[PDB]
Amino acid sequence: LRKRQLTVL
Amino acid sequence: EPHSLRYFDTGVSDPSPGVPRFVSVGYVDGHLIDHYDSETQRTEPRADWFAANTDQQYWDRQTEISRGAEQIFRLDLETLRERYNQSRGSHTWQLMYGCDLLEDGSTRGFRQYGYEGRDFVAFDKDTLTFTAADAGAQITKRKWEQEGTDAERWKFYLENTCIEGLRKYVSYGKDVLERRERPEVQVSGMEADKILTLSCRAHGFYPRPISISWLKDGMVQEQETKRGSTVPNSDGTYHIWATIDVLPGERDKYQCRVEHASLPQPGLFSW
Amino acid sequence: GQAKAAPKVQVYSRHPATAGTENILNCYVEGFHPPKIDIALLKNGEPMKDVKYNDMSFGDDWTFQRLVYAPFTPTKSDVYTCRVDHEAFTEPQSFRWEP
């Protein structure tokens, strides 16, 4: 199951 | 007995045939299990053993996460183009993350990024630190090290959630992952100019690890052996080749030796 | 600089080659970056029938791989090749299936 990406560069 | 769950997220600024603007794929022990891309806009299973043990709620969750990643990758490609003072054109941004269960029962966690095919930044969940592999990533290391709550969420996921899923997925896949298929071996020979090239090819073996060697009077000829990388067949079995150049008059001294988990003893093969 | 990693290519049959016997011809392309690439299977330089192109796969070193495969019945005399176009090459490269 994936991890949510919550940050940008 | 070791196992791995890995997700690869890849974005390009200039899509082409076979290369969507954004792709997210999962792998269990190197087996493709699911796929999202910017054209389908949804995550779907790619192995029936995985499909048979998941449900619509599961896929909708993977789709929501992948759609979020797709949005982030579009922003990050532009951030990176500006970071490196680059023109618009063809650029690639990649993330690999996931978890390993090792032979000692211990675990490892991964979260690493690549820009233009080069390491950019990587996360160490054991220390909550980011390492810049390129000078242009130092700005990102400093930004992302201030985001302590997000780092803690990644650590908890890599150590708990990721491994909990991997252990279930390995159970779903047991019949496929644990299978053994024997190599079908053929030796062939080509004479050119008082050189005889002997070729040994192993076909259709599973799992991937294999040992192939050429012997002269039972003695391994490692410096004289040329060997290909192990490559896959369309059914998820594998192929490997090894060659050696010998004196045509000495052909009867040579045998190919194959060792594989499917075999009860080494296979020895003559032309 | 941006990686410009040349594809490494193998051309191989699913089963041991027997002149006249049903088989599958594989072209596997690996080691390359960027991901843009064109791969074709050819019989005497002309397009083969019934080719399947698997989706690309991904390496932890930011390189890609692709498998392309088609049914074939290898003969003594026929020439099967895999033709690859990638930015690491000036001209598309041909790789022969060794009988």
Side-chain angles (χ1 to χ4, degrees), chain B residues 6-10 12 14-20 23-25 27 30 32 35 37 46 84 86 89-96 98 110 112-120 183-188 190 197 199 201-204 228-235 237-241 243, chain C residues 1-19 21 23-40 50-71 74 82 85-88 95 97-99:
Chain B
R6 285 287 199 289
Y7 289 102
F8 284 91
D9 287 7
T10 303
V12 298
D14 200 20
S16 64
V19 186
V23 177
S24 181
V25 293
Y27 295 100
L32 180 67
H35 175 102
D37 71 40
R46 288 286 188 273
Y84 284 105
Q86 292 171 310
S90 300
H91 305 290
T92 314
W93 174 232
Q94 295 184 266
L95 167 59
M96 187 199 72
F110 300 92
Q112 68 186 54
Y113 298 83
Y115 187 49
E116 307 290 46
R118 307 302 191 160
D119 286 331
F120 176 78
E184 257 226 281
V185 179
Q186 180 156 93
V187 178
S188 68
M190 224 77 238
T197 303
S199 298
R201 286 185 179 265
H203 303 254
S229 62
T230 305
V231 290
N233 302 300
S234 63
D235 65 355
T237 67
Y238 293 93
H239 184 97
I240 192 169
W241 66 262
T243 73
Chain C
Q2 172 214 284
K4 283 186 205 173
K8 300 304 182 183
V9 181
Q10 288 192 60
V11 187
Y12 50 104
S13 58
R14 170 61 180 80
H15 301 291
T18 312
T21 296
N23 211 326
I24 302 167
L25 177 67
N26 300 308
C27 183
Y28 190 70
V29 181
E30 66 186 298
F32 59 95
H33 188 102
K36 179 174 168 194
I37 195 164
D38 189 267
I39 307 164
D50 291 309
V51 182
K52 276 214 178 167
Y53 303 87
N54 283 4
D55 298 335
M56 64 166 26
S57 56
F58 300 89
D60 55 26
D61 68 345
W62 315 121
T63 67
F64 307 90
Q65 316 82 41
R66 293 192 184 189
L67 181 62
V68 179
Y69 60 95
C82 189
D85 190 5
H86 185 270
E87 47 204 274
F95 298 88
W97 181 66
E98 301 283 0

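Convention: sequence-line order gives letters A, B, ...; per-chain numbering from 1. Atom set for the values below is all heavy atoms of this structure, side chains included, hydrogens, waters and symmetry mates excluded.
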Visitor: Side chain from CB out, backbone as N, CA, C, O: work out which of these in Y53(C) comes under 4.5 Å of a heavy atom of chain B, or both, or neither.
Guide: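 Contact with chain B is absent: no heavy atom of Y53(C) under 4.5 Å.
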Visitor: Side-chain contact test, heavy atoms from C-beta onward, threshold under 4.5 Å: evaluate it for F32(C) versus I37(C) and give yes or no.
Guide: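 Result yes, sub-4.5 Å side-chain heavy-atom pair found.
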Visitor: Answer with yes or no whether the side chains of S199(B) and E98(C) bring together a donor and an acceptor at under 3.5 Å.
Guide: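 Not at all, the side chains of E98(C) and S199(B) share no donor-acceptor pair under 3.5 Å.
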Visitor: Name the member of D14(B), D235(B), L32(B), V12(B) that forms the most heavy-atom pairs with chain C at distances under 4.5 Å.
Guide: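 Counting heavy-atom pairs under 4.5 Å, the top option is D235(B).
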Visitor: I'd like to know which of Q2(C), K36(C), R14(C), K4(C) tops the heavy-atom pair count under 4.5 Å against chain B.
Guide: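 The option with the most such pairs is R14(C).
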Visitor: Can you tell me which of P17(B), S90(B), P15(B) forms the most heavy-atom pairs within a distance under 4.5 Å of chain C?
Guide: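 Sorted descending by pairs with chain C, the first entry is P17(B).
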Visitor: Counting only heavy atoms closer than 4.5 Å, note whether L95(B) contacts chain C via side chain, backbone, both or neither.
Guide: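 Interface part for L95(B): backbone (N, CA, C, O).
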Visitor: Tell me whether the rings of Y84(B) and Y115(B) are parallel (<30°), tilted (30 to 60°) or perpendicular (>60°).
Guide: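 Rings of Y84(B) and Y115(B): parallel, under 30°.
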Visitor: Against chain C, work out which of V185(B), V25(B), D119(B) has the most heavy-atom pairs shorter than 4.5 Å and name it.
Guide: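 That would be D119(B).
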Visitor: Let me know if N26(C) has heavy atoms under 4.5 Å from chain B in its side chain, its backbone, both or neither.
Guide: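 It is the side chain, since no backbone atom gets that close.
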Visitor: Which atoms of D61(C) are under 4.5 Å from chain B, going by heavy atoms: the side chain, the backbone, both sets, or neither?
Guide: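 When you check distances to chain B, only backbone atoms of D61(C) fall under 4.5 Å.
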Visitor: Taking the side chain from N233(B) and the backbone from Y238(B), do they hold a donor-acceptor pair closer than 3.5 Å?
Guide: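 Checked: pair present.
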Visitor: Has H33(C) got a side-chain atom pairing as donor or acceptor with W62(C)'s backbone, closer than 3.5 angstrom?
Guide: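 Yes: the side chain of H33(C) pairs with the backbone of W62(C).
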Visitor: Where on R46(B) is there a heavy atom nearer than 4.5 Å to chain C: the side chain, the backbone, both, or neither?
Guide: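 Only the side chain of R46(B) comes within 4.5 Å of chain C.
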Visitor: So, taking the atom named OG1 in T243(B) and the one named CZ in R201(B), what distance separates them when rounded to the nearest 0.5 Å?
Guide: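 Atom-to-atom, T243(B):OG1 and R201(B):CZ are 9.0 Å apart.
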Visitor: Are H15(C) and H203(B) close enough that their ring centers fall under 6.0 Å?
Guide: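 Centroid distance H15(C)-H203(B): not below 6.0 Å, so no.
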Visitor: Side chain from CB out, backbone as N, CA, C, O: work out which of these in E30(C) comes under 4.5 Å of a heavy atom of chain B, or both, or neither.
Guide: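 Only the side chain of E30(C) comes within 4.5 Å of chain B.
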Visitor: For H35(B), is it the side chain, the backbone, both or neither that has a heavy atom under 4.5 Å from a heavy atom of chain C?
Guide: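 When you check distances to chain C, only side chain atoms of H35(B) fall under 4.5 Å.
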Visitor: Is it true that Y113(B) and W93(B) have ring centroids separated by less than 6.0 Å?
Guide: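 For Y113(B) and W93(B), the ring centres are under 6.0 Å apart.
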Visitor: I'd like to verify something: which residue of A202(B), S234(B), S16(B) has the highest number of heavy-atom pairs under 4.5 Å with chain C?
Guide: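 Highest number of pairs under 4.5 Å: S234(B).
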Visitor: Using non-hydrogen atoms only, which part of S57(C) is less than 4.5 Å away from chain B: side chain, backbone, both, or neither?
Guide: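 Both backbone and side chain.
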Visitor: Between the main-chain N or O of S229(B) and the side-chain N or O of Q10(C), is there a donor-acceptor pair closer than 3.5 Å?
Guide: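 Side chain of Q10(C) to backbone of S229(B): a pair is present.
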Visitor: What option among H239(B), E184(B), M96(B) has the most heavy-atom pairs under 4.5 Å with chain C?
Guide: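 Of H239(B), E184(B), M96(B), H239(B) has the most heavy-atom pairs under 4.5 Å with chain C.
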Visitor: Below 4.5 Å from any heavy atom of chain C, which atoms of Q112(B) appear? Answer side chain, backbone, both or neither.
Guide: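 Its backbone and side chain both get close to chain C.
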Visitor: Taking the six-membered ring of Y28(C) as reference, does the NZ or CZ atom of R66(C) fall below 6.0 Å from its centre and within a 45° cone about the axis?
Guide: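 That pair does not qualify as a cation-pi contact.
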Visitor: For chain C, which candidate among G117(B), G228(B), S188(B), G204(B) shows the most heavy-atom pairs at distances under 4.5 Å?
Guide: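 If we count pairs closer than 4.5 Å to chain C, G117(B) comes out on top.
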